[PDB]
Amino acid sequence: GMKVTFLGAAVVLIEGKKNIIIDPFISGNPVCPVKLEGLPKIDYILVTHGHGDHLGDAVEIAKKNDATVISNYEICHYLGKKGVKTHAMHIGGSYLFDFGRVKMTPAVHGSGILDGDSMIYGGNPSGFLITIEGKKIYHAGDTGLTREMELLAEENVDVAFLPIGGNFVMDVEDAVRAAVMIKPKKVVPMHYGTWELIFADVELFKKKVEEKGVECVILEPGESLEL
């Protein structure tokens, strides 16, 4: 019975046999309810793409916990030069870890790593399909709407984390279209405005996505759900 906690932006913590965290943007994230010290022991870190507000505090968390970062080849190379342990993958690749299976999914987004004022190439953006104890979590990462999401329909995803922020990522309308393509058991909106207050827009997502027959669990940063 694992515990899945949303911590603002696109940060998702998964506590089970091991502890996994996705896109750990904690320090400098005004919507995140915890500090780095408030996180438990971290075994694995999943990074969807290179942008600063997803790559986040991965280096500091990896070193302090002796955790392995799971990401694409280019991101793992960049992190390797910082003395971070990594398990490289790429888009559409899967691997069976001790805790369960992780698969990188396609996404439509940039993956530039900002280092100083230089833009370093961090591969292509992704999502993650994670299979733990027969339960499937889909974290879309930063992405626009893409027909590749229809590949996840046969997976029967238990929970789908989709961005609804707009501008940099799907808005409410497209996120509803993604939710219908994927058809998960539940959908959690995230990255809703990249803002502290979104109540109007996130409720509009819940209303519209449930009209299409997909249950929406709104999790405020800090809140959890069980699987």
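Each residue number is its position in the shown sequence, starting from 1.
Per the PDB record, of the two stretches 110-118 and 153-161, 110-118 carries the greater mean B-factor over its C-alpha atoms. Relative to one another, 198-206 and 53-61 have unequal mean CA B-factors, and 198-206 is the one with the higher figure. Within the listed group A175, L39, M181, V47, the record reports its top CA B-factor for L39. Compared with the other modelled residues of the chain, the Cα B-factor recorded for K81 ranks in the highest third. The PDB entry assigns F99 a C-alpha temperature factor belonging to the highest third of its chain's modelled residues.
Ranked by C-alpha B-factor against the other modelled residues of its chain, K35 falls in the highest third. Per-chain ranking of the deposited C-alpha B factor places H191 in the highest third. Ranked against the other modelled residues of its chain, the C-alpha B-factor of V69 as given in the entry falls in the middle third.
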